[PDB]
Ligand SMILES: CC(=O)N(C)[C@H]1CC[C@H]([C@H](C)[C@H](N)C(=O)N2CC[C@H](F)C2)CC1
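Have a look below at one chain only, the form solved without the named molecule, in C-alpha cells format.
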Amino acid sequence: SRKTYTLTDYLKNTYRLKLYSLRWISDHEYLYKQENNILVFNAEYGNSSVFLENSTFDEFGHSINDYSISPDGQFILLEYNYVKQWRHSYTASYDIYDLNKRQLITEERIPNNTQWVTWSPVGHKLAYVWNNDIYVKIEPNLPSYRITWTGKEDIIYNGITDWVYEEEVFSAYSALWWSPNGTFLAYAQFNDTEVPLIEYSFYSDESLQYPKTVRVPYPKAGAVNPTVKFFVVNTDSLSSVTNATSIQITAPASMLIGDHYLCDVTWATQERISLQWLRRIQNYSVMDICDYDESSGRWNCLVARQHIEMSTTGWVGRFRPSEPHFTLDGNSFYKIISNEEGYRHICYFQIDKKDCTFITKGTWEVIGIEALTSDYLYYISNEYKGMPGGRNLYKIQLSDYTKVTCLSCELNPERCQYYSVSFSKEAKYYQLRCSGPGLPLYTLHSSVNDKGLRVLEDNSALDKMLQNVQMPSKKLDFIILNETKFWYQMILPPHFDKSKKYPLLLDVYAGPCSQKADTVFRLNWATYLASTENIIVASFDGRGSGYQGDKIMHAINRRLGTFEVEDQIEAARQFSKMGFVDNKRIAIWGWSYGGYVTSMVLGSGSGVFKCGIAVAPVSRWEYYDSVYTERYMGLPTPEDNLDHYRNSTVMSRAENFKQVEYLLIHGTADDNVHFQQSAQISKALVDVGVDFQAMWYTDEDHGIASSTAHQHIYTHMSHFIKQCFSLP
C-alpha cells in the first residue's frame, strides 16, 4: 500500500531535518548562512542584509570548510585544507580576508597545518597553535609573536590538549582561554613523556605496500597519566625584541600531593580567573580563584578563595565538575552542585565565603545555566510534568527566588517538550530550539517581555513529505522496580495492535549518566525497523542513569557491569510480560559501552535474549583509558578495586555464549575503544568453542562513519536482525 521508512531512506538520507544555525554577532544581530552566503538578520523585525556574497567565496582556488568572523566585524577567517585527526582535533590552512578593504591579507600569513586558531572576544587579536606552540598576532597583517618554545610532537602540548584530555576532560582540542577583553591569554601545557603509547596498524590507501603503525600516547586504567601546568601571558606587553614571559599559576597544596587534573578554566573578570582542579581519585575537587597583581605582574591565589566539592557516595559532577557563572563584578557566582538529597541544583556562592545558598530545590535536576543577567538567571531543567527526559527553559528572579516562570512550557505543548537555547550577547534575544515529540521547531524571542517574535524554521516540508509514508510512534512511560520509577521508550510500529505480538529489539547504552529514554524526534535505524520490519525498538533507563538524582546515578560506583546489566535484563522481562512482545524473538544491541552491556547480557545466561550485536565494545576495563575508567571503578590495584576489575569482564563469561547468536563488529583503526578489546573477545569465544559472527572495518574509527562504511555496517546488522527474527 503506502510507502514506509526504508533502509535506503535512512542510508541515503531522503528525509532531511532542516536546522536554523545562527551565530549571534551582537546583542541584536546574528549571522545566517543560506544559499551559500552569509546574511545579517536584525532580531527585532527581520531586516536581512547580505554580509558576504557567493562570488567572494569563488575567488580563492581551494574550497572553504568553515569561516570565523572577527568580533569587530572587520576580518574573516577562512579555513580550508581540513584534515581530521580525532573526535575534536584537526589541522587546516587559514586565510584572513579584510572586510573593509575587500582583499586577502597575503603578508605574514598563518602557517599550514595549524592545529587551532581563535579570535579574541573583542577586537581582532589572533592566537593560533602551530607545531604544539602558541603564536599571537596583534594585527592580522603584522608578524606573530611566539609565546611558547617547548612544544614537542607527542610530548609537550601548548595551547592544545592531548588525547585523554580532549576525549574525557575538556571535550575539546583547545586549551586557550582569552581574557574577557582580550588582554591576557591563559593556556595549559600538557606533558605526556611517561605516558605509554598504543600502537595499531593503519593499512592506508592500496598503493601503500607497507602498513603504517600509529602510536598514540594513551593512559590505560592505572597507567601514568599526563601532567599539566597552567600559564597566563600578557598580550599587551608583547615585544618583538624580547621573548614573552608567562606567569605560572600552580595547583593548590591539597592537589599537588598526588596526581591531579585541570578540569575547568573560567574568567571571572578582566583581572580574575577561576580554575577547577580534580584529583585522580575523582571524588575531590577544588576551585581556585586568582587575582592579577598589578605591581608584581603575578597572579596571587588566596586560600580563603578556595571552594571544595566532595562526593562521599561517588564521583564529583556528572562527567566533570560544573562550570561557574560569575556576576558582572566577579565577587559571586552561581554553580550547579548536588544537594543533600542528591539532586543537582543551582547554589549561590560568594568568592570569599565557604557556605553556599541553594536557590532551587525539588525532586528534579537543573541541566545547565544558560544566561545570567543582573536581574535574572536562565536555566534548563526537567521539572515539568516530572519527566526526566524533557527539557524546558526557566527564569528566576535574583531578588526573589520564589518567583520562577517557565518560558517554554506552554508554547506548543504537544509538539515541543525538549528545548535548547541560544541567547544574545546581552541576553535580550534568544532562540529556542525544540526537538520534542513533534518535528524540530526554531523560534526567536525577546527577553524583555518573553514574547514570540517569529518562527525561524518549522519543518513544514518534511511534514508534507511524511504524510505519505507510514511512520512509527514513540511511547514514553515508566515501570516500578523497587518503589522507584525507571523510564523507558518504545518505537511502536505503524498500526500497532495490543493483541498482536511483535519481536523486540533492545537499544542499549546504559552508561553512567545517560538517557536513552527522552522526548526527541529522530530518523534513524529504529524508524526503519519499526516502520518496515514491524519490530518494536525499546530503550531503558535503569541504575546508573542520569538526570534523576544521585541515588540512581551513583548506584554503579566501583561496580561497573553489574547493576545496569541486571536492569536491562529485568526490563526485557517486564517488556515480555507486558503482553504484546514475542518471548521467542527478543534481541539486544549497543555501541561502545552499549556493546559492553550487550556482551555481558548475552553472557549472563538468562535466556531472555535470542541474539545480540556489539559494535566496538569494551571487553575489559583495564584496556580503556584511565580518566573514564577510574572515575567510576577506581584504581586497578590489589589495595582498592582489582577484584572487580577482574570480575567485570566479557571474556570470563564466554561459556554462556553457546545459547545466543552473536555479531561482533569493530574498526581496526579505533583509538577510543581499541581493536584489542574485540580481539580478546573473539579469542576467548574461539577458545571456548562458541559459534559467532564477526566483521572488522579497515581504517575505521570509533564511530564507523564514512558513507560506504556506515551504509555497509547498517545493511549488515539489518541482515543479521532479519535472519534472527526469520523476517522475509
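Quick note: we count residues from 1 along the sequence shown, nothing fancier.
The following text describes the form solved in complex with the named molecule, which does not appear among the structures shown.
From the candidate stretches 488 to 496, 426 to 434, 618 to 626, 452 to 460, select the single one in contact with the named molecule in the deposited bound form, where contact means a heavy atom within 4.5 Å.
Result for this chain: 618 to 626.
So in the deposited bound form, does residue 124 come within 4.5 Å of the named molecule, heavy atom to heavy atom?
No.
My question is simply whether residue 357 lines the interface with the named molecule in the deposited bound form - judged by any non-hydrogen atom within 4.5 Å.
Looking in the deposited bound form, residue contacts with the named molecule do not include residue 357, since no heavy atom lies within 4.5 Å.
Would residue 474 show up as a contact with the named molecule in the deposited bound form if we use heavy atoms at 4.5 Å?
Result no; residue 474 lies far from the named molecule in the deposited bound form.
Using the partner position in the deposited bound form, report whether residue 373 sits within 4.5 Å of the named molecule, counting heavy atoms only.
Answer no; every heavy atom of residue 373 is more than 4.5 Å from the named molecule in the deposited bound form.
Name the residue from 592, 532, 446, 420 that puts a heavy atom within 4.5 Å of the named molecule in the deposited bound form.
Residue within 4.5 Å of the partner: 592.
Just to confirm, with a 4.5 Å cut-off on non-hydrogen atoms, which of 660, 664, 685, 673 contacts the named molecule in the deposited bound form?
Answer to the contact question: 673.
Need the contact residues for 494 to 513: heavy atom within 4.5 Å of the named molecule in the deposited bound form, sequence order, or none if there are none.
Only a single residue, 509, comes within 4.5 Å of the partner.
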